Amino acid sequence: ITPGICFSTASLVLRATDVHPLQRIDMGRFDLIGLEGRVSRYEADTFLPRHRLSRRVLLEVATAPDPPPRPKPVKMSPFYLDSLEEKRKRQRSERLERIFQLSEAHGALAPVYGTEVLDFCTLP
Amino acid sequence: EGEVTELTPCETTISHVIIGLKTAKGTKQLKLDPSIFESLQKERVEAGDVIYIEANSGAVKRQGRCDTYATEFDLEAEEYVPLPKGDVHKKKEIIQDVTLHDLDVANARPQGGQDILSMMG
Amino acid sequence: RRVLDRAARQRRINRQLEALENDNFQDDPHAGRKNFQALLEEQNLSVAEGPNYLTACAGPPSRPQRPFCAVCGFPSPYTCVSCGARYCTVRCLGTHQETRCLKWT
Amino acid sequence: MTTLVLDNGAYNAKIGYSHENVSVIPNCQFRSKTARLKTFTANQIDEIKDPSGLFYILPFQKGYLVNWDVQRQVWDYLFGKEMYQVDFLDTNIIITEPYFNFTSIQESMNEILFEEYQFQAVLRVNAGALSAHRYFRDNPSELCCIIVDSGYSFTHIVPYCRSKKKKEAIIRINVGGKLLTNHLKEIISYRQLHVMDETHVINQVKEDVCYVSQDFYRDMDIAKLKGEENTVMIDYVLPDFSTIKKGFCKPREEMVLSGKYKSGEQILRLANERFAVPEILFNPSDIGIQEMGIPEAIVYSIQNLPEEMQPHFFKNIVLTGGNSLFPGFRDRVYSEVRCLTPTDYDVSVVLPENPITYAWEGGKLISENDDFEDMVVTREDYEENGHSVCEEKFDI
Amino acid sequence: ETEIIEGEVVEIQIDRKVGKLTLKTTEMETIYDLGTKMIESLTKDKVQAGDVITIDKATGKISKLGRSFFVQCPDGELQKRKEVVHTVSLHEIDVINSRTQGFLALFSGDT
Ligand SMILES: Nc1ncnc2c1ncn2[C@@H]1O[C@H](COP(=O)(O)OP(=O)(O)OP(O)(O)=S)[C@@H](O)[C@H]1O
Ligand SMILES: [Mg+2]
Ligand SMILES: [Zn+2]
Ligand SMILES: [Zn+2]
Numbered sequence: 189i190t191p192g193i194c195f196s197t198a199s200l201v202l203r204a205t206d207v208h209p210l211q212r213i214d215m216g217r218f219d220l221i222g223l224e225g226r227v228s229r230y231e232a233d234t235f236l237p238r239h240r241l242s243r244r245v246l247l248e249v250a251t252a253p254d255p256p257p258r259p260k261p262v263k264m265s266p267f268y269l270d271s272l273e274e275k276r277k278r279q280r281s282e283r284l285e286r287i288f289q290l291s292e293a294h295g296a297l298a299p300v301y302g303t304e305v306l307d308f309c310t311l312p
Numbered sequence: 726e727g728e729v730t731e732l733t734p735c736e737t738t739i740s741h742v743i744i745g746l747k748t749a750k751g752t753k754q755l756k757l758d759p760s761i762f763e764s765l766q767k768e769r770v771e772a773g774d775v776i777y778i779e780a781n782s783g784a785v786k787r788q789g790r791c792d793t794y795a796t797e798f799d800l801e802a803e804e805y806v807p808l809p810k811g812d813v814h815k816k817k818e819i820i821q822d823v824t825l826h827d828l829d830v831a832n833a834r835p836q837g838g839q840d841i842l843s844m845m846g
Numbered sequence: 016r017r018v019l020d021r022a023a024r025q026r027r028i029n030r031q032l033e034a035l036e037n038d039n040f041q042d043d044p045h046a047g048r049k050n051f052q053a054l055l056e057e058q059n060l061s062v063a064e065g066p067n068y069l070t071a072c073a074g075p076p077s078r079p080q081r082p083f084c085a086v087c088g089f090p091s092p093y094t095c096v097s098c099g100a101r102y103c104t105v106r107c108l109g110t111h112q113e114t115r116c117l118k119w120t
Numbered sequence: 000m001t002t003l004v005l006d007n008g009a010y011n012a013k014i015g016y017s018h019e020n021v022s023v024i025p026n027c028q029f030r031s032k033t034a035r036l037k038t039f040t041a042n043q044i045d046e047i048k049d050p051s052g053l054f055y056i057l058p059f060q061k062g063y064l065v066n067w068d069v070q071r072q073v074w075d076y077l078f079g080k081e082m083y084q085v086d087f088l089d090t091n092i093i094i095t096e097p098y099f100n101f102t103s104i105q106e107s108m109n110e111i112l113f114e115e116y117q118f119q120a121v122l123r124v125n126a127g128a129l130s131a132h133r134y135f136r137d138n139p140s141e142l143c144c145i146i147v148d149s150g151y152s153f154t155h156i157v158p159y160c161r162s163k164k165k166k167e168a169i170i171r172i173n174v175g176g177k178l179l180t181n182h183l184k185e186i187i188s189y190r191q192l193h194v195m196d197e198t199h200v201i202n203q204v205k206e207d208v209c210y211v212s213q214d215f216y217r218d219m220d221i222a223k224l225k226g227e228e229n230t231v232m233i234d235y236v237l238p239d240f241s242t243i244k245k246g247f248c249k250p251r252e253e254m255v256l257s258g259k260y261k262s263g264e265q266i267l268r269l270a271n272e273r274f275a276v277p278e279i280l281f282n283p284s285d286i287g288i289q290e291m292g293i294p295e296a297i298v299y300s301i302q303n304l305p306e307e308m309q310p311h312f313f314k315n316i317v318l319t320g321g322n323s324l325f326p327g328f329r330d331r332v333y334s335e336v337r338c339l340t341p342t343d344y345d346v347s348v349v350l351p352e353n354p355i356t357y358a359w360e361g362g363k364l365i366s367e368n369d370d371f372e373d374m375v376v377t378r379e380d381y382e383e384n385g386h387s388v389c390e391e392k393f394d395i
Numbered sequence: 003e004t005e006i007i008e009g010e011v012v013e014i015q016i017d018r019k020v021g022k023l024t025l026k027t028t029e030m031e032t033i034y035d036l037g038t039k040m041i042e043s044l045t046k047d048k049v050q051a052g053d054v055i056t057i058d059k060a061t062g063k064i065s066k067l068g069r070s071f072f073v074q075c076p077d078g079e080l081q082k083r084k085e086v087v088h089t090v091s092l093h094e095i096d097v098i099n100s101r102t103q104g105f106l107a108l109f110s111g112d113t
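Protein chains in written order, with my numbering: chain A, 189 to 312; chain B, 726 to 846; chain C, 16 to 120; chain D, 0 to 395; chain E, 3 to 113.
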């Protein structure tokens, strides 16, 4: 029994491939192989073209009050600041725009084959 | 990006995660998609750690402990990192060039995957 | 070497902190009425009985304590085994052992 | 007719008339070995010529009035024919009190003021209340403010609304100028030379050389060096009171690295004590006090208060007291509070030109108001209702 | 630059996590308050009183270089700041960053 080889290198070498997120683009918009076994032809072709969110719907839902509580089953301003509120509403608008853009980006790609095709073609 | 001052998952399962990030220019409270809680637990993120979270992907990187806690023990095997200087929320518009070969090799093999076949791959 | 229990270290720390509130270190050059503790005990001041003197005391800091050398003040990686005092170098350890370790000279 | 404004601090008494200027006079008696039978009172310390080995007789212990005889003597000297010639029967007095003043001390104050001197009317307030009044007079648009009173014996942090004090959120830090001076004495005595009998000189040294560091560990690294690169290290010549009346710092061009000087000047070399002593205000745990520092305490006091009022409190941080005169104090406080404050809330820290006399100016301003007569408690009302109504009217 | 702690172990205490470690040189002795990661590192590599070990503070890399009561105990300061210089070939950088655990290919071919 021998001790292992301790190979020592510069700490900067281990960060050679590392790129800060603010310096690189999202490669998930080109991820085709990641959709296999997870995304179906139904989702890409029939559902999403019909049930994509719109900015108008998102804004309406965000601005509207909370929905009424679900019924139980039955067996049958001195301290107000204008600048702070303007900042907060600008932040809310930015958040809603980000939500819309991310929801559009994360369902843009359609699978090459899809779950249905693979399941049909996969014999026991 | 910033030091974690609070990490509270909100139960309805977890409806959302409320996180508190601190920088030299202030503190911000963020509501996280519940899928990021798994990434935070995998990265072993606790209060006092300096992390960054990607808004578009939810990726979490724990880049060490804050140097304000460097004296909490006399001998720990920890990497202590300065507190970030700018704002918690950082926006940058970038132009990056990629080639078709990069997308080809990116789609030649799968990435990640918690299945046994993916891990063995 | 000898080792000092927690009570001795706490007493030393309390004595050092109390010495910082002393009016003078010497005696009266002429050489020939209450105190704060008497006032507190006469006030019969109870915790959680509204805002008062005791409840106004600052709580423990969130940031951990930073060690400094008891001899020169620069940061100190080392802790003296005998008394728990912090120190940063062999010279500082020798000075601390000669001066204020064990017996308080 | 006239109104007397007094800030009975544990270190300096800010005494003056409402129609006149302000005077800063030490509120303690002195004894020295150069005088066999002679006790100096208040500003008489200027008469002595060898303040080395000076003995202090204080009327305040831990920031509260505990010795009544010396305080009575100091007041009699200040109110006597030599200083101000106060006509007690036709004068109103505004005198400040420590926060959370004990019931016994308040009763003694009322009894002494209304019987031994027989003032026409007395208004007992806190220095923070006067500072808040002055700040609101200066800034009419602000509805809330937070006052940091870093004084001789303590440092309170008190938030004030327009006409009310938030008693719930008052936080006291047991670090003051007395503690800093004693710590500097102890450090110098342990390291270079014994100065434990030189409280006056060490206090002047602290006032002259100490400063608040923006980067603590960078300054520590700079101080640890030897040679030209050690810009922090300076040489101080202590006053011998024979040919050097007052202490001074040697110019950097005149500094000698070896430390030996042909002139027989007693030179005190301070390198890391310049910012280690002031750092106790921001980090009490450095010396062993398990208490939060000034910025963390400010943030805690604000965050205890309701959410709607928090941005207003964050916008009106005011620094008062002697310890606030350290170089870099305001910048350090602002930086730390900005680091701790939520990013959506703006942070503004204001250091007045004379933080010592802020409370006195506030008292003068509140004296000039047309609502002054309603605030005070008269002696005629004192005879029957006084002892209860003094507690009722005064928001101590 | 790295901080290297080299000394002789005097006493190691671990309690259910908190722990203490006492190290000595020929000129000074010290007790350390240990963190969780260093406690785990010292538990994984069996360290007992009398062993002469060196610790890399940032990584917890503990290597036992003998026992003293055989290597003489270190003389000077326990904690030393050292400047470490590495000359790394471009091939080494490429192989290390080619894949996870890719440095093994520097030793077993398989690049
Ligand atoms: N230029 C200065 N630099 C540093 N400290 C100073 C300076 N001028 C005064 N001080 C300190 O200020 C303190 C006195 O400040 P004050 O707030 O006036 O004390 P005080 O208010 O009379 O007593 P309290 O705390 O209100 S009971 C002393 O400890 C002095 O050392
Ligand atoms: Mg005062
Ligand atoms: Zn030292
Ligand atoms: Zn010791």
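In this text, a Cβ means the ideal position worked out from N, Cα and C, and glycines have one as well.
In terms of CA proximity to A/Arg280, B/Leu755 leads the group B/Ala749, B/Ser740 and B/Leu755. Spatial neighbours of D/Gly246 in its own chain (CB-CB distance under 7 Å, excluding positions within 5 residues in sequence) are listed in chain order as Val200, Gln203, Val204, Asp207, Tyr235, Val236, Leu237 and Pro238. The beta-carbon of A/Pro261 is placed no less than 8 Å from the nearest beta-carbon of chain D. Within chain A, the residues placing a beta-carbon under 7 Å from that of E/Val90 are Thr197, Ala198 and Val201, ordered along the chain. Close partners of D/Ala275 in chain C (Cβ separation under 9 Å): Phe83 and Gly88. Sorting A/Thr310, A/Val305, A/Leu311 and A/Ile189 by C-alpha distance to the C-alpha of A/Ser228 places A/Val305 at the top. The chain-ordered list of residues whose CB is nearer than 5 Å to some heavy atom of ligand 4 reads C/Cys95, C/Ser97, C/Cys98, C/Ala100 and C/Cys116. Non-local beta-carbon contacts of B/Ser764 in its own chain, meaning distances under 8 Å to residues more than five positions away in sequence, involve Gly783, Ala784 and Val785 in chain order. The C-beta distance from D/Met291 to C/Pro76 rounds to 5 Å, short enough to meet the 8 Å contact threshold. Counting along the chain, the unbroken alpha helix (DSSP H) around D/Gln203 starts and ends at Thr198 to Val208. Shortest gap from the CB of D/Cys209 to any heavy atom of ligand 3: 7 Å or more.
At a cut-off of 7 Å, the beta-carbon of D/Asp6 counts as near ligand 2: some heavy atom of the ligand is closer than that. The Cβ neighbour count for C/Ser91, taken over all protein chains shown within 10 Å, is at least 16; the residue is labelled buried. Distance from the CA of D/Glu227 to the CA of D/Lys184, rounded to the nearest whole angstrom, comes to 27 Å.
By the Cβ criterion, the stretch 56 to 65 of chain D is in contact with the stretch 46 to 66 of chain C, since at least three pairs of Cβ atoms, one from each stretch, lie closer than 8 Å. For A/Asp214, the neighbours in chain B by C-beta distance under 8 Å run, in chain order, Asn781 and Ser782. Taking CB atoms only, C/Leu108 has a neighbour in chain E less than 8 Å away. Around the CB of D/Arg337, 16 or more other CB atoms lie within 10 Å, so the residue is classed as buried. Checking the 7 Å criterion, the Cβ of D/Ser152 is within range of a heavy atom belonging to ligand 1.
When DSSP states are grouped into helix, strand and coil, E/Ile55 belongs to the strand group.
A Cβ-Cβ separation of about 5 Å places D/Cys144 in contact with D/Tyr134 under the 8 Å criterion. In the three-state DSSP reduction, D/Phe118 falls in the coil class, being neither helix nor strand. Taken through DSSP and simplified to helix, strand or coil, E/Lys84 comes out as strand. Within the stretch 304 to 319 of chain D, those residues whose Cβ lies closer than 7 Å to any Cβ of chain A are, in chain order, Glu307, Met308, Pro310 and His311. Buried is the label assigned to D/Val231, since at least 16 other Cβ atoms lie within 10 Å of its Cβ. For D/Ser347, there is no enclosing beta strand (DSSP E), as DSSP gives it neither H nor E. With contacts defined by Cβ atoms closer than 8 Å, D/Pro58 and D/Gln70 form a contacting pair. Contacts with chain C at 8 Å (Cβ-Cβ) do not include E/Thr113.
When rounded, the separation of the alpha-carbon atoms in B/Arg787 and B/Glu804 is 10 Å.
Here the residues close to ligand 3, judged by CB distance below 6 Å to any of its heavy atoms, are C/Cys84, C/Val86, C/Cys87, C/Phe89, C/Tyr102, C/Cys103, C/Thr104 and C/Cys107 in chain order. Counting only Cβ-Cβ distances below 7 Å, C/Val105 has contacts in chain E at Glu29, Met30 and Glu79, in chain order. Residues of the same chain with a CB within less than 8 Å of the CB of B/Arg790, apart from the 5 flanking positions on each side, are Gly773, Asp774, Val775, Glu803, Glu804, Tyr805 and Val806 in chain order.
Looking at the DSSP output, D/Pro250 shares a beta bridge with no other residue.
Going by beta carbons, E/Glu10 and E/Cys75 fall inside the 8 Å limit. Between D/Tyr159 and the set D/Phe153, D/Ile169 and D/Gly150, the nearest pair of CA atoms involves D/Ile169. In the DSSP annotation of this structure, the continuous segment of the alpha helix (DSSP H) that includes D/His386 starts and ends at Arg378 to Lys392.
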